[PDB]
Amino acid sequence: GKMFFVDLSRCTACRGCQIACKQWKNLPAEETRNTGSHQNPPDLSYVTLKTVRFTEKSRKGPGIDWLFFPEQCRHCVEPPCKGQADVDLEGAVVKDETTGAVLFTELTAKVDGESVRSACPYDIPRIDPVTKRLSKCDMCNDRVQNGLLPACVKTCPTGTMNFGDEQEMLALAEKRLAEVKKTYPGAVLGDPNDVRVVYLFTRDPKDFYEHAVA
């Protein structure tokens, strides 16, 4: 089915992807404050399916390694969120067999949410404490099925975001890895055989975020 290749060597942390996701879905805004960082909202939530994490790491000589990470559901080929959810109720987490989208339904309200989240290696699912429904990135499956790019892929100015067939995007990922590896020797693809959102990290993925890789 489909795959994203996310080239973090070209991210400007413009947060176009963050805004594009909310515009397409018409998601409400969280109430945020500055706690000493550009990062906001601080975390994924029921109404934030993608936020850009900002981490400052050191390098030799002038400046810093500024690591940007637009976090989203990885759309796992064999998703543990679905395994866990199916114990309580099937239909709460379904797979689109054409796109590869892992999709949450209203039926997540009737499963143990803390368990679905705890089942996720990348710690992605968020619960509405009011309604008990779970939310995450739905791969803009709606748009994809009508042949369009996800909102966040269409909006990206830089070539960080790429989307299409699994075969194309793995080939692009390996090509871009070899090229980027010259500028950045610690660069790696994130769990490329297990997910449909393959990130190119410019150094140790953990530096980007605790749950960047499984």
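Just so we're on the same page, rigid core means the largest C-alpha set that superposes within 1.5 Å between forms. Start at 1 and count along the sequence shown; that's the residue number.
After a core fit, the C-alpha atoms in 5 other deposited structures of this protein lie farther on average from the shown form in one of 52 to 60 and 28 to 36, namely 52 to 60. Just going by the entry, 179 to 187 versus 45 to 53 on mean CA temperature factor gives the higher value to 179 to 187. Note on 35 to 43 vs 58 to 66: mean CA B-factor is higher in 58 to 66.
Within the group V130, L134, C120, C137, the record's highest C-alpha temperature factor is found at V130. For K206, the recorded CA B-factor ranks within the highest third of the chain. Only modelled residues enter the ranking. Per-chain ranking of the deposited C-alpha B factor places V102 in the middle third. Annotation for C152: CA B-factor lies in the lowest third of the chain's modelled residues. When the CA B factors of the chain's modelled residues are split into thirds, the value for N193 lands in the highest one. Per the deposited record, the Cα B-factor of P125 falls in the lowest third when ranked against the other modelled residues of its chain.
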